[PDB]
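Coming up is one lone chain in structure tokens, specifically the form deposited in one PDB entry.
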């Protein structure tokens, strides 16, 4: 009934124009805590369908969510209908990029937590990703049936266990956002927490129990008596959870002004800032592109969040960084399960658009070319595992290049390196599963048979000392650049890594952040380029033509950051300082082909003078094992160059927290299973890049150079600079 496609078309299209009645939400959780069962049962309970959501063949075969999925529901609350745009997100750490992209589109998050496992490593990760986006969280504690049936827990004890979960989530919130904790605090008594069984279609909350005249003792009886279906009639999952969504997650009128504080360095008082804050359909277009996907019938689809304005077929918008207007072909919304085309979409909605040929993940699409773009969408960690990929058949060579480029466009937590001169392309990602799924879907969906090499790690290059000034010279000798280099301080690197500083911020705003983190006032005032992991500082004054030349100097800097001089691995942790410069007065002698090499070579040589070295990625590993198998678990992790960071005993089980190099964790799944007779449960989180041992530098570098087909000799500064 309510979910009839044409009755939902009319109901959604009516609600679409009423931002008060919209809720843009993501469902987020540690792996297997029940996101998709919840999403599926909300859709079913709400009438939108008759697990549906895991559409991909591999998601059903593996019982894992691989891609974010967009659906919507219409839900009545206090005699009014509301449009709930829902994004179900992957739990596995390898697909975390989908969580980060989903979080940019939504204003509220249902954090799902398993009552049995409690808060887990990615519970913290997704909560942090929500709070960094100014997304409001509520809590659904799931699998309460198991808590009741497998632990036979009494009304008072089950309560104590559920309360501990709530307190833990609140502690995480308070630690992440101390200044907004009071507003964000989860209170079971008002109803910001619900508890239930997504699998069995029931849920309760403290206020709902105090009104249904139902107690927790009755819930235990329903489960013990194998009458959970009768419980689902009295305490419907969709009614309790969707009510909580409407009552506690924000509409776009409430949320957009909060979202733009963190996703946009523009002025909230500018014309576009006010239109976005007011969710104005008659403002100019401001569209945040969060996802690129490929449709069988429609072609490429750009999904995103429309903050201001109205979109319709034929309307033209600029794409940030690109010169020409792109023309919308179709616009669509998610209506229950289905992405349906509509005549026009308005601010406040999550939208799907075709025709934006230049759009990428993170693009700003706008009516005015000059609009300040939204911030990039940055994932919590970067690629650490790589394989070589090659077509099995010479007729598929050009197609494989298009396929790999499209794969990385659709998931920028992958990094593709095309080689059209050998065909041995490189694919880097977050983990082995990440790359296994990509390879499978190339063969299945794109019909290109491929080989992949054994996985290897991706290192990072950095420096470990100060060097300079070092002079780089243009090929015509007319232009000179004098560079000093040193490692970033940890607190500064964190600001850069977290995007807390930006060249888009007011100079005063940015410099105060840097100085409070320990940077001197001249370096803070001189910062001119903040890359993803490195900074460039201009210490000069009065050098004529330098401002117009600085973009070329920074291009040379970016070229080095893509692959450092030790082994062509990505560079991180650099503070590069321009101390002096000499420029020819005529622009014909200081164009890109003159200035870019001069900047690049000075930085390359300075790195080799500054104790250049390699960093290797480490994972944090969390191993939950019964006491009987703790010896095998400890031995397995310590045999892989692992170090134990913590051991916590809870009952007759131990939670081991350890760290180990990614390069030492291949085959861990099978080895930890046999070492513990299948009893270990384990998860991971990326820890960071750490310095390789000093007496392994030459051999590590030579091995990388060998793998890449580079010169079999250690680089030296004279390879880059000459008299």
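Only residues modelled in both forms are compared. Take the two forms, superpose them, and find the largest set of C-alpha atoms that agree within 1.5 Å; that set is the rigid core. Residue numbers count along the first chain shown, from 1.
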In the deposited sequence, how many residues between residue 674 and residue 675 have no modelled coordinates (none, 1 to 3, 4 to 9, 10 or more)?
none
Average Cα temperature factor in the PDB entry - higher stretch of 599-607, 105-113:
599-607
Would you determine, from the values in the PDB entry, which of 64-72 and 653-661 has the greater average C-alpha temperature factor?
653-661
Name the residue from 513, 352, 204, 416 with the greatest C-alpha temperature factor listed in the entry.
513
Pick out which of 542, 336, 91, 250 has the highest C-alpha B-factor in the PDB entry.
542
Split the chain's modelled residues into thirds by Cα B-factor; is residue 52 in the lowest, middle or highest one?
highest
Record-listed C-alpha B factor of residue 17: chain third:
middle
Assert third(CA B-factor, residue 422) within chain per record equals highest
Relative to the other modelled residues in the chain, which third contains the C-alpha temperature factor of residue 669: lowest, middle or highest?
middle
Could you tell me which third, lowest, middle or highest, the C-alpha B-factor of residue 373 occupies within its chain?
lowest
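The next section is about a form of this same protein that is not shown, the form deposited in another entry.
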With the two forms aligned on the rigid core, which of the residues 158, 408, 361, 530 moves its CA by 2 Å or more between this form and the one not shown?
530
Rigid core superposed: residue 471 CA moves 2 Å or more between this form and the one not shown
yes
After core superposition, I'd like to know whether residue 658 moves between this form and the one not shown (criterion: C-alpha shift of 2 angstroms or more).
yes
For residue 707, decide whether the Cα shift between this form and the one not shown is 2 Å or greater, given a superposition on the rigid core.
yes
Just to spell it out: taking the C-alpha atom of residue 56 and the C-alpha atom of residue 667, is that distance smaller or larger in the other entry than in the structure shown here, given it changes by 3 Å or more?
closer
Assert for residue 56-residue 669 (C-alpha, 3 Å or more) in the other entry vs reference form: pair closer
Residue runs (3+) with all C-alpha shifts of 2 Å or more between this form and the one not shown, core-fitted, in sequence order, are 334-338, 418-423, 454-722
